[PDB]
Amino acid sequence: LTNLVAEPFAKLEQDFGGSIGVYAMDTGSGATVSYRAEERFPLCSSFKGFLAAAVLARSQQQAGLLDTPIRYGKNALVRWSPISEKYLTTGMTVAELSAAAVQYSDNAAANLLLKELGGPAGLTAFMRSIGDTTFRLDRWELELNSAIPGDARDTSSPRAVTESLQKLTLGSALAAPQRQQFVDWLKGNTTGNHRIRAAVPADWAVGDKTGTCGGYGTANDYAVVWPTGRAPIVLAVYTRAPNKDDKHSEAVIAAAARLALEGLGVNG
């Protein structure tokens, strides 16, 4: 049930000037669309969704984790911390930091939550615990964005991203309340309007998490989409390009998402 209908992903990535990786699953039938789906691509900020899921998983065993206030100093504020910079003088709760990391890609929040989990290895351990053997986080913000060609640090594959996203949003990897909280944070994302969401009709529910590295044409988005009247779709679109100065393209991500939905026969 993989690639029952071929789609012109090769022409799309050639026009883009790099590589595009796509994995999309129809959770009703199990049909999939797959293009470069087992290649590694940099996660960039997309690890922050899984970070929030790992915090939610811990909160199942640590009541009151989500409500814990976290104070931090000016030295925690790295570039692109649009929410945590407004609460520097007051602190924020773990839940607020998680929402900021997911919904605004807030970097200070992400690093503070990584510390709570035991660093990049602790997030990697969580992914191992749900059966993901591909994901690896190795560094912190902002160093993890280097996006060096051939470097496996801070990468996963579109397939593993989609499989893990399915487990966490629709499967049993989180308990039901935490699962719905994770879905709600993804639905509230503000950074993805020009990526997968641009391919999704306005009357369908969707949650997503973006990533943008800042070099090597490297950017991404993953999402769970609920078309009305049928089972949800889970998908991941990752890009990279050979030259450091190559620019990423949101339009290419949206276009690849459209092709994935067409390949699955989902009228959009």
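Sequential numbering from 1, following the sequence displayed.
Relative to its counterpart among 172 to 180 and 159 to 167, 172 to 180 has the higher mean temperature factor, C-alpha atoms as listed in the PDB entry. Of the two segments examined, 86 to 94 and 148 to 156, it is 86 to 94 that shows the higher average Cα temperature factor in the deposited entry. Per the PDB record, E116 has a higher Cα B-factor than any other of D106, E116, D132, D138. The entry assigns its greatest Cα B factor, within the set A205, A31, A219, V234, to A31.
Placement of the Cα temperature factor of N75 within the chain: highest third of the modelled residues, per the deposited record.
Residue-level temperature factors show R40 in the lowest third of its chain, judged at the C-alpha atom. Among all modelled residues in its chain, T210 ranks in the lowest third by Cα B-factor. When all modelled residues of the chain are sorted by CA temperature factor, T239 is found within the lowest third. In the PDB entry, a CA B factor belonging to the lowest third of its chain's modelled residues is recorded for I20.
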